[PDB]
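In: generate coordinates for the sequence data below:
(chains A and B)
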Amino acid sequence: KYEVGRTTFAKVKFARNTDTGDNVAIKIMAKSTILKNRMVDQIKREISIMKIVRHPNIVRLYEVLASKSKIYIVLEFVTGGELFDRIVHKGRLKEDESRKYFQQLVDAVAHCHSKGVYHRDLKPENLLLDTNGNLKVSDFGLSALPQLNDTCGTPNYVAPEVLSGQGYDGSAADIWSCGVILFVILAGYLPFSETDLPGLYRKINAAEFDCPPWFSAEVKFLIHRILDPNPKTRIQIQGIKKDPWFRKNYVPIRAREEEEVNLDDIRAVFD
Amino acid sequence: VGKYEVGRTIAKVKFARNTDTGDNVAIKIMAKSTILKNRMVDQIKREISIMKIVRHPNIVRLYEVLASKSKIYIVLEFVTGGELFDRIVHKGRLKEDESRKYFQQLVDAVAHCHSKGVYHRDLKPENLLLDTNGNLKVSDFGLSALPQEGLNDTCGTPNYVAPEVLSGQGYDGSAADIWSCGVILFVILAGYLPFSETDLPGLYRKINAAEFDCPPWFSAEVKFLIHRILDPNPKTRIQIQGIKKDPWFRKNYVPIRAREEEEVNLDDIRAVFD
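Out: Residues are numbered from 1 along each chain as shown, chains lettered A, B, ... in the order given. You can find the structure just below:
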């Protein structure tokens, strides 16, 4: 139905909903590849949960469309660009602005975490801004989505546990990345410098980083707790939400969403 | 300046001309402060000196070292040929025999370095280089020890990196260097990375598993060598000796020969920087 524009399995073409004349980005994918997948059921569940998710900081997926060969996911279009574009214009950002933004991210992540969903590839590409300027997080519950001369990063955030190549607590992983994002906003670089990869990994494993001088002591403390390499000893979302630095000028959003709509919808999600 | 007329600027590498002989070189220029006050000043010294003394047709040469009260200057052979992988872009895969040539050169070079007691620690395409003649030459050998080598723009692939390295702890350098050669060889032949770059956490999963799917066009013996090289276990990973003995590796191969003096008085090595 959508008046689609343009544009290996994730050609996110632009489009518009003709009937309400609104244009929303569509992530398109081979129907086959997904439906056969170890995570297929989780994909369905995660897709369905989010589909019903409604939060000021989370980019929404309006609808899922089905084809014989392809699946179309309909996702809100955020013009405000990437937040880190804003950083690049300025280098680092201010404590206050940064805290406003970090709070938003944490709240959105908490919301997603509450519904049993984890990101697992939380990075700045995902960080986005709505026209009014609010943070919308993206690719949430989309990570499970199946899978030359130039390859661009960055695996800097990738939590140590992931480095192991085994199993990781999703929440612990997401928070770790959240720690890094916070770090980049304030400091205007990555806590662990990319150029030397083996050394980068050693640094990540040791959690040894160069703090900037301008970071206040608390922020540093919060970051150390966020950037614990050990998932068991690392801070909880709850823990950080109750932080002294985090707490400042804080205010809790509260959403009003449907209790998870009939799974029947979930089973019928793809056909 | 100190025999050299410097240009600008490719850590900061710069183009330079050796005036006295009137020949041309690239120079790495860095602060004295950063190098001397590093956990690894001693290792840096040893390896640097070894390189200065090394001489091999496939290894980018370290002519000499210049020291200032404020900074350290490293002179290196200049190669016009550029990245080998540019060649891959043109024709996708390289052919089996040619790929074998290059692999022979790379293995020879690494082996020579390894014998001399030095390990690369960061073998990636940037380092693989070509000369006017079309021969391969390998850079940043003995410079991984170099401090903090070298924002949004990042051009690093972790695919080559060995798994043990992934941990962030300890490994024998050689096994890691062998792993990269394994990846390097694979990419040449196949015209892609063994493990998909995207979905990085799954990417790391693949690497630690050492799960990769060879193309059909790969011959059985090459597959064997790749499999043996791409052992996620570094105690069960093939040594340079093994790979040199390997069948597919044996084919048409001829040991390179070069002459360098026994490592010049370390006293020189300690006096390298002052």
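In: who's in contact with stretch A:228-236?
Out: Defining contact as C-beta atoms under 8 Å, 6 or more residues apart in numbering or on different chains, one finds that stretch A:228-236 is touched by A:159-161, A:168-169, A:171-173, A:175-176, A:204-207, A:222, A:225-226. Yep, even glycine has a C-beta here, placed from its N, CA and C like the rest.
In: can I get the buried part of these as one PyMOL selection?
Out: The buried residues among the contacts of stretch A:228-236 can be selected in PyMOL (16 or more other C-beta atoms under 10 Å in any protein chain shown) with this line:
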select buried, chain A and resi 159+160+161+168+171+172+173+175+176+204+205+207+222+225+226
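In: go back to the contacts of stretch A:228-236 and keep what's next to chain B.
Out: Taking C-beta under 8 Å from any C-beta of the partner chain, the overlap between the contacts of stretch A:228-236 and the neighbourhood of chain B is A:160, A:168, A:173, A:204, A:205, A:206.
In: which non-adjacent residue is nearest the second one?
Out: Sequence neighbours aside, residue A:161 is the residue nearest to residue A:168 in space, at 4.0 Å (criterion: C-beta to C-beta, 6 or more residues apart in numbering or on different chains).
In: still on that earlier bit, just the contacts of stretch A:228-236: which are in strands?
Out: Using DSSP state E, no member of the contacts of stretch A:228-236 falls within strands.
In: out of the contacts of stretch A:228-236, name the ones that lie in helices.
Out: A:160-161, A:171-173, A:175-176, A:204-206, A:222, A:225-226 (DSSP state H).
In: looking at those, which is nearest residue A:245?
Out: Nearest to residue A:245, judged by C-beta to C-beta, of the ones in helices among the contacts of stretch A:228-236 is residue A:222 at 5.2 Å.
In: what are the neighbouring residues in contact with the closest one?
Out: When contacts are counted by C-beta under 8 Å, 6+ apart, residue A:222 touches A:182, A:235, A:240, A:243, A:245, A:246.
In: kindly recompute the last result at 6 Å.
Out: Listed by C-beta atoms under 6 Å, 6 or more residues apart in numbering or on different chains, the contact partners of residue A:222 are A:243, A:245.
In: quickly list the domain ranges of chain A.
Out: Using curated CATH domains, the domain parsing of chain A gives A:1-77, A:78-254.
In: just name the most buried of the ones you listed.
Out: Among the domains of chain A, judged by mean count of other C-beta atoms under 10 Å in any protein chain shown, the one packed with the most neighbours on average is domain A:78-254 (a mean of 18).
In: and the end-to-end length of that domain?
Out: The distance separating the two terminal residues of domain A:78-254, taken as C-alpha to C-alpha, to the nearest Å, comes to 22 Å.
In: chain center to it: distance?
Out: Counting by C-alpha atoms, centre = their mean, to the nearest Å, domain A:78-254 is centred 9 Å from the centre of its parent chain.
In: how far out from the middle of the chain is stretch A:33-46?
Out: Shown here is stretch A:33-46, whose average C-alpha point lies 19 Å from the average C-alpha point of the whole chain (C-alpha atoms, centre = their mean).
In: can you list contacts of that stretch?
Out: Contacts of stretch A:33-46 with the rest of the structure, by C-beta under 6 Å, 6+ apart, involve A:117, A:141, A:144, A:146, A:266, A:269.
In: cool, and stretch A:110-125?
Out: Under the contact criterion C-beta under 6 Å, 6+ apart, stretch A:110-125 has outside partners A:46, A:49, A:55, A:84, A:140-141, A:143, A:157, A:170-171, A:174, A:177, A:237, B:201.
In: wait, what's in contact with residue A:26?
Out: Under the criterion of C-beta under 6 Å, 6+ apart, the contact list for residue A:26 reads A:13, A:15, A:72, A:74.
In: TSV for these, including distance to chain B?
Out: Shown next, in TSV, are the contacts of residue A:26 (distance: C-beta to the nearest C-beta, whole Å):
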residue	distance to chain B
A:13	19
A:15	23
A:72	20
A:74	22
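In: still on that earlier bit, what's the most distant pair in the contacts of stretch A:110-125?
Out: Taking C-beta to C-beta as the measure, these reach their widest spread between A:49 and A:84, a distance of 27.3 Å.
In: chain B contacts on the stretch 101-250 of chain A?
Out: A:120, A:147, A:149, A:151, A:153-155, A:158, A:162-163, A:165, A:189, A:194-198, A:201-202, A:204-205 (C-beta under 6 Å from any C-beta of the partner chain).
In: can we see that at 8 Å?
Out: Counting by C-beta under 8 Å from any C-beta, the positions of the stretch 101-250 of chain A adjacent to chain B are A:120-121, A:143, A:147-156, A:158, A:160, A:162-166, A:168, A:173, A:188-190, A:193-206.
In: still on that earlier bit, quick one: contacts for the residue nearest to residue A:168?
Out: Applying C-beta under 8 Å, 6+ apart, we find residue A:161 in contact with A:167, A:168, A:169, A:172, A:173, A:231.
In: grab the nearest non-local neighbour of the last one.
Out: For residue A:231, ignoring the flanking residues on the chain, the nearest one in space by C-beta to C-beta, 6+ apart is residue A:172 at 3.7 Å.
In: hang on, the one you found packs against residue A:160?
Out: No - using C-beta atoms under 8 Å, residue A:172 is not in contact with residue A:160, being 10.0 Å away.
In: am I right that residue A:74 is in a strand?
Out: Yes - when DSSP: H, G, I helix; E, B strand; the rest coil is applied, residue A:74 is found to be in a strand.
In: skipping adjacent residues, who's closest to residue A:162 in space?
Out: Counting by C-beta to C-beta, 6+ apart, residue A:162 lies nearest to residue B:201, which is 4.7 Å off, once chain neighbours are set aside.
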